[PDB]
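Okay, so here's just one chain, in structure tokens, the form deposited in one PDB entry.
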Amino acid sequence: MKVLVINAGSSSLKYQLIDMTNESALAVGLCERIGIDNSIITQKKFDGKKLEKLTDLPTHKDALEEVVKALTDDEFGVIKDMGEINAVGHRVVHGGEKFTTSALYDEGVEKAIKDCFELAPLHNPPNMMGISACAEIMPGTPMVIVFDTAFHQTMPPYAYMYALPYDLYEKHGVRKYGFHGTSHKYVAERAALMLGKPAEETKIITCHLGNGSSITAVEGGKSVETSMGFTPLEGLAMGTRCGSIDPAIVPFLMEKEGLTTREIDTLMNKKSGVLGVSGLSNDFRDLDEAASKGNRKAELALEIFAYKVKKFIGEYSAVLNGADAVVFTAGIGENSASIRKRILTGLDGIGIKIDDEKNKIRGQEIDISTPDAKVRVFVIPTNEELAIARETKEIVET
């Protein structure tokens, strides 16, 4: 089965055609400057052939029509006709409580998606232009919407409910949702394979450490607890987000600094995290160098960041009653040997011990723990597009 994965932006459209037989990306592409002048589509075919075409792309529908032409090109394409695309997949952030699994697209899902957004306190609404264009160009092809909140819908009530007045949950839907679902589910699946046990028999803690960061406790293949909550702000300190602070600090700051609700929200989401502490950057690479060159604020920001991840590993070890493995993924998790070191030092007491040399390897699924450690520590690159395609294939199959 071949799956086309679409990711649409205001004036762009990224795509990948993936063969699910071998999970190989046959072609990867990008349409830019849509609705602008000098539109362009660029496609890379697996064997090192690149196609570029300067043509006008007024709307996402035009871009998608070109994408199909580029995929079927005699020499630079990978399929003979549009009919070889068995399904299309798209990722949306919030599915609230309406979406407990990925969904087959139709007029119903389009409305539910819009509602989930207007009820949620999220910033950027979902971009539907890619999804819409798809319905016109390929009416007969199954389309699957994948939600980042979906994977966490298996959480029990004592985990997702906040200790707030119950009516707020009922009147405004306030509860923990969780994000990065697609990433957590994918690496949890890879980790089970590396443990050599069927997923149902595994207990895994997954750490998606990127500009946004979240940890999930995966029991027997299902999410049972996660660090982000009602919004992506809860939990860990991140690039520009403060994470879980004393809630009383909010009105205190609003009275002291004379701030509006929008200002305090912006302060917590964009001026906090390691950026806010370091006074320097929200980029962990920059902080790491700065810290070595002796920059104290940068050193403090990385200490706070690693310390909080360490604590969550302890927290989810209790949730899971002993974990079989801890997984690191995303930008920081996959690439930073030093940040992994800061996080994993001082945990032998709970069965975690790593090998400094194995921890230096990069871009690979690898167990970096000593062979005698009770808890395995795996570094597993997350692959967004492939995860979305697997989700799409599962739905289109069943």
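Basically, rigid core = biggest C-alpha set you can superpose within 1.5 Å across the two forms. In this text, residue numbers run from 1 along the sequence as written. Only residues modelled in both forms are compared.
Just so you know, the form deposited in another entry exists too; it's not on screen, but the next bit is about it.
Original post:
Superposing on the core, which single option in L253, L195, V319, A112 has a CA shift of 2 Å or more between the shown form and the other one?
Top reply: Just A112.
Original post:
Is there a C-alpha shift of 2 Å or more at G212 between the shown form and the other one once the rigid core is superposed?
Top reply: No, the C-alpha position differs by under 2 Å between the shown form and the other one.
Original post:
Superposing on the rigid core, does the Cα of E66 end up 2 Å or more away between the shown form and the other one?
Top reply: After core superposition, the displacement of the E66 C-alpha between the shown form and the other one reaches the 2 Å mark, so yes.
Original post:
Superposing on the rigid core, is the CA of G35 displaced by 2 Å or more between the shown form and the other one?
Top reply: After core superposition, the C-alpha of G35 moves 2 Å or more between the shown form and the other one.
Original post:
in the other entry, do the Cα atoms of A120 and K171 sit closer or farther apart than here, given a shift of 3 Å or more?
Top reply: Between the C-alphas of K171 and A120, the gap widens in the other entry (3 Å or more compared with this form).
Original post:
Looking in the other entry, are the Cα atoms of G130 and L233 closer together or farther apart than here, the change being 3 Å or more?
Top reply: Compared with the shown chain, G130-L233 is closer in the other entry.
Original post:
With the rigid core superposed, can you list, in sequence order, the 3+ residue stretches whose C-alpha atoms all shift 2 Å or more between the shown form and the other one?
Top reply: Shifted segments: 1-23, 26-92, 95-145, 389-398.
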